[PDB]
Structures are given as C-alpha cells and as structure tokens.
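Going down the list, the sequences are from chains A and B.
Here the first sequence stands for residues 470 to 679, where the numbers follow my numbering.
Here the second sequence stands for residues 4 to 220, where the numbers follow my numbering.
For every residue, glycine included, the Cβ atom is placed at its ideal position computed from N, Cα and C.
Notes to accompany the following structure.
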Amino acid sequence: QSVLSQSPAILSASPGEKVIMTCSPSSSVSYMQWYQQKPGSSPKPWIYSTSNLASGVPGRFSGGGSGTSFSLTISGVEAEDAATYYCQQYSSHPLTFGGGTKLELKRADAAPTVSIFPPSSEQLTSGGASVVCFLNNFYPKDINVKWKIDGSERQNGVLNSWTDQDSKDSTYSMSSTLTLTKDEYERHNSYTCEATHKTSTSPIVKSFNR
Amino acid sequence: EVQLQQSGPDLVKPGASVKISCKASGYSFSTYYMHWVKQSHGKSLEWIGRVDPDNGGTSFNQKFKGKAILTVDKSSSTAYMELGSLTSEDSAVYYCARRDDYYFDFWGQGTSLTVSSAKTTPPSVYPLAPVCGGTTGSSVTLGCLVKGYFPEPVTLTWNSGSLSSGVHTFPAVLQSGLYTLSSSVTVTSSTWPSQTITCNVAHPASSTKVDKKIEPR
C-alpha cells in the first residue's frame, strides 16, 4: 500500500502569487503523476513522470520531488488555475490517488445582492408555499442567513445551497429557501430574510408584507 | 480525435447490477489498457482495475474484485464494467481512462450512478417574479424554483440558452429522497417586463420538459 497525502486541502492565493502543492506517499515512489479537475468535468492529465508537463499545460507549472515527497509549483497563479489537483502513484499496488488540493482565488470583499420572492400563485394552487431568497455575488464565502416570520425566527424548513466560486468574478452566491404549508403561509404577514456578512456592520435585510 | 464516450447517468435499486459502457475512438483500441476509476461524491478518486483489450486480461484493486467485472468487445472498440451486489455506497461517478505507460492520458466524460430505493419523480417548476418591483442588483433578478424531483440530473437554461450571463444555477439539495434546485438570472431593468424571459427545465429521467415564462405578479 502507498497512501498519498496532499497538503493543504484548500489553498487560497491571490492572482500572481507563487503556490507550492505537496504530495506525500507513505513509501518511496518512482514517479508521481498529477491531474487537474474542474467541477462538472473529468480529471485532465497535468504532469507525468514527476516533472513532465502534459500537452496543454502552461509553463507556470512545474512538478518535482523524490521518493516520498513530491510537489507541484505554480509561479504566477492565474484565474484559470482554480481547480483541485490530484497526485497519483503506481509504484506499489493497487493504484492510488491523493486527497486533492483545491486552489481557490482570494479577492476583495463584496456585499451580496439580496432578493426575496414571495410564493408563486402556481405553488399556492398546489397547497404548498416556498419563500426564496438569493444572496448573490459576494466574496467571503462565509455568510449567515436567518429567516423571520413576523419577528419570530424560523430555523425549521430552511433549505440552503451554495455555488462554487464563480469563473468570471471569483465570488460565491447562495440560495435560501423556506418552505411552509399554504395554510401556515397564509397565517402570517411579514417574511424577512437576514444576511450577516463581513462587508457590513449591520445585517442585510429583505422583506415583504402580505 | 481520441475519444472515450461513456453511457448516460443511471438509477438502480440496491441489490441490482449495471453494465456501464465506455466507447473508444480515434486510436488503435487493442493497444491500450482501459482502466476504471471511481469518484465518490465529494470524496477522492479510487482506482478499480484495468483490462487488456487484446487478451481480456485484468488487474484489480483487491477492494473491487468481487464487484467489478471488466470485459471488452474488440468488434466495436467498447469497454464495459458491470457492478454486482449494489449498495448506496456504490453511488459515485465512474470514469474510464486510458493509460499510456506513465499515466491516464484520456478519460471518458464519466457516468453518474445512483443506487437508491427512491422513486423517480417529475419536477414541479415555479417562476420567481419579484414582488411588485423589488430587486436592484444590476436592476431586477428573476428566479425559477425546480422542486420535488428525484433523478438528480436536471437541466436549466434561460430563454433556451440565449440568456447566459448573470445566471446562477444552484446545486441540488436532497431532502427526504427528493431534490430541490433553483436558478437566478439578473437581467437589465429595461429588458425584463418588456422582453420575454423563460426558464427551461429538462428532466430526462421522467421525460419532462418544462418551459416556464416569468410574468409579473
């Protein structure tokens, strides 16, 4: 067995920085192969024979190492480098991969653009009611959303989902859905969505009143 | 030129078995070993085994010996991998990669496999028009909520693909064996009530194709 350990797990660099990716096998390895994987796609050959760049890989990349310590160094992190890099070995058996290194872009903070959407009349017809809130294009991936129905916080029935860092501006977006029964929906008036982000001293709110 | 096209996403109940195919093209098929790799949702890659398309010989990762059964059909340059005794832990994305005496230089697009006891459900699509005005980010954001469907793969475009900038399709979230998904589009304020905005949803598993026009409330 030749277990490969990659570090760090998540790596954030500003464009132009020089980044070093490490891959440690618990036992001597002849060569190390590296792959790049971008969300929604299969992995792509990056480096073979521990230092050879595959077709299509820019010169800002360089692999290296010996025995039990290999690395992948990017001299000027560009935007298109954001992806997860995998190291692979076959000096021992079976064939193993490393846990991967996710490189994410570091950028200036941006406040999200909140939008709240009352239940569509089509949904109500179907005796259900879902109030949605979109917190878009913000940078510190960390954000806090809290729903309130008439001043009383509701942590029950909320569905949240986040997107991967955007390719065009390096920001994240979030979707917060609160689902209720048409009858429970109509037993209230004010619905509020409250985002808490580093870009503001006070919470960002969006509401509508029935 | 070199191309390995795999079979589509599949849904099967535990205890069943499936045969995923990996069609090779653009080279001499019998001259490269075909390897099968596994990617568990959120996790890392895990190697399954290889096959000599010339003599049908296989090498395996001990952990997959009783599960995968690698075969090849030289007649059409196709490589298969059957999975027996399926369980939830078998739900992952499966790839077929070609090795070239150093590394995996060509990979198929992968095959999403879902092993579940849940039943396929057509989605319910609801348009999210702003409440009597609202939105301001780059002036007026619209939505499209795709709710209560099960076969994960669902496709959402706006104006049949024409609207492509300002779109944020949110990844699905499994709730009680039914997924929920939502997409937004931030259009120019002089663009919306005036022009037609339609969110298109396609869910092959159930054969549904919904074209949902966003009208103001």
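Please return the same chain residues whose Cβ sits closer than 6 angstroms to the Cβ of residue i, not counting the five positions on each side in sequence.
i, result
"residue 668(A)", "578, 580"
"residue 209(B)", "123, 125"
"residue 96(B)", "42, 113, 115"
"residue 502(A)", "517, 557"
"residue 538(A)", "493"
"residue 571(A)", "479, 553"
"residue 608(A)", "576, 578, 579, 640"
"residue 483(A)", "575"
"residue 29(B)", "4, 5, 6"
With 16 as the cutoff for other CB atoms within 10 Å, does residue i come out buried or exposed?
i, result
"residue 23(B)", "buried"
"residue 479(A)", "exposed"
"residue 75(B)", "buried"
"residue 41(B)", "buried"
"residue 674(A)", "exposed"
"residue 45(B)", "exposed"
"residue 19(B)", "exposed"
"residue 516(A)", "buried"
"residue 48(B)", "buried"
"residue 53(B)", "buried"
"residue 177(B)", "exposed"
"residue 65(B)", "exposed"
"residue 671(A)", "exposed"
"residue 605(A)", "buried"
"residue 528(A)", "exposed"
"residue 158(B)", "exposed"
"residue 34(B)", "exposed"
"residue 220(B)", "exposed"
"residue 656(A)", "exposed"
"residue 93(B)", "buried"
Can you round the beta-carbon distance between residue i and residue j to whole angstroms, since I take them to be within the 8 angstroms contact cut?
i, j, result
"residue 182(B)", "residue 155(B)", "6 angstroms"
"residue 536(A)", "residue 554(A)", "Not quite, the Cβ-Cβ distance comes to about 20 angstroms (not below 8 angstroms), so this is no contact."
"residue 9(B)", "residue 147(B)", "That pair is no contact at about 29 angstroms."
In whole angstroms, give me the CA-to-CA distance for residue i and residue j.
i, j, result
"residue 127(B)", "residue 150(B)", "5 angstroms"
"residue 582(A)", "residue 472(A)", "44 angstroms"
"residue 630(A)", "residue 610(A)", "12 angstroms"
"residue 613(A)", "residue 665(A)", "5 angstroms"
"residue 21(B)", "residue 625(A)", "39 angstroms"
"residue 634(A)", "residue 77(B)", "43 angstroms"
"residue 194(B)", "residue 598(A)", "28 angstroms"
"residue 546(A)", "residue 59(B)", "44 angstroms"
"residue 5(B)", "residue 188(B)", "37 angstroms"
"residue 512(A)", "residue 488(A)", "20 angstroms"
"residue 196(B)", "residue 644(A)", "24 angstroms"
"residue 576(A)", "residue 180(B)", "37 angstroms"
"residue 106(B)", "residue 145(B)", "46 angstroms"
"residue 437(A)", "residue 499(A)", "Nothing can be reported for residue 437(A): it is not among the residues displayed for chain A, which extend from 470 to 679."
"residue 69(B)", "residue 134(B)", "57 angstroms"
"residue 510(A)", "residue 139(B)", "34 angstroms"
"residue 680(A)", "residue 593(A)", "In the structure displayed, chain A extends from 470 to 679; residue 680(A) sits before or after that span and is not available."
"residue 192(B)", "residue 17(B)", "50 angstroms"
"residue 524(A)", "residue 132(B)", "47 angstroms"
"residue 640(A)", "residue 211(B)", "32 angstroms"
"residue 585(A)", "residue 143(B)", "11 angstroms"
"residue 120(B)", "residue 175(B)", "19 angstroms"
"residue 490(A)", "residue 204(B)", "40 angstroms"
"residue 678(A)", "residue 574(A)", "39 angstroms"
"residue 79(B)", "residue 141(B)", "53 angstroms"
"residue 111(B)", "residue 541(A)", "25 angstroms"
"residue 170(B)", "residue 62(B)", "45 angstroms"
"residue 12(B)", "residue 84(B)", "14 angstroms"
"residue 2(B)", "residue 596(A)", "For chain B, the structure presents residues 4 to 220; residue 2(B) sits outside this window and is missing."
"residue 659(A)", "residue 190(B)", "27 angstroms"
Is residue i near the ligand ZN, with its Cβ less than 7 angstroms from a heavy atom?
i, result
"residue 679(A)", "Of ligands this structure carries none, so the ligand ZN is not represented either."
Enumerate in chain order the residues of its own chain whose CB-to-CB distance from residue i is below 8 angstroms, with the five nearest sequence positions on each side excluded.
i, result
"residue 201(B)", "161, 162, 163, 214, 215, 216, 217"
"residue 520(A)", "531, 532, 533"
"residue 474(A)", "492, 493, 494, 495, 567, 568"
"residue 623(A)", "616, 617, 647"
"residue 91(B)", "17, 118, 119"
Keeping to the same chain, check which residues put their C-beta closer than 7 angstroms to that of residue i; ignore five residues upstream and five downstream.
i, result
"residue 173(B)", "184, 185, 186"
"residue 588(A)", "598, 599, 600, 654"
"residue 15(B)", "21, 89, 118"
"residue 507(A)", "552"
"residue 514(A)", "504, 523"
"residue 168(B)", "none"
So residue i contacts chain C; which residues on that side make the cut at Cβ distance below 9 angstroms?
i, result
"residue 64(B)", "No chain C is part of this structure, whose protein chains are labelled A and B."
* Asked: Of all the beta strand (DSSP E) runs that stay within the bounds of the segment 22 to 60 of chain B, which reach a length of 3 or more residues?
  -> 37 to 42, 48 to 55
* Run through the segment 129 to 165 of chain B for me and flag every whole beta strand (DSSP E) of 3 or more residues, listed as ranges in chain order. => 144 to 152, 158 to 161
* Write down every uninterrupted run of the beta strand (DSSP E) in the segment 546 to 593 of chain A whose length is 3 residues or greater and which is fully enclosed by it, in chain order. => Complete beta strand (DSSP E) runs here, min 3: 553 to 558, 570 to 574, 582 to 586.
* Which runs of the beta strand (DSSP E), 3 residues or longer, sit entirely within the segment 478 to 556 of chain A? -> Positions of the beta strand (DSSP E) runs, each at least 3 residues long and wholly inside the segment 478 to 556 of chain A, are given as 479 to 482, 488 to 494, 502 to 506, 513 to 517, 530 to 535, 538 to 543 in order along the chain.
* To do: Please go through the segment 643 to 671 of chain A and give each complete alpha helix (DSSP H) segment of 4 or more residues, from N-terminal end onward.
  => 651 to 654
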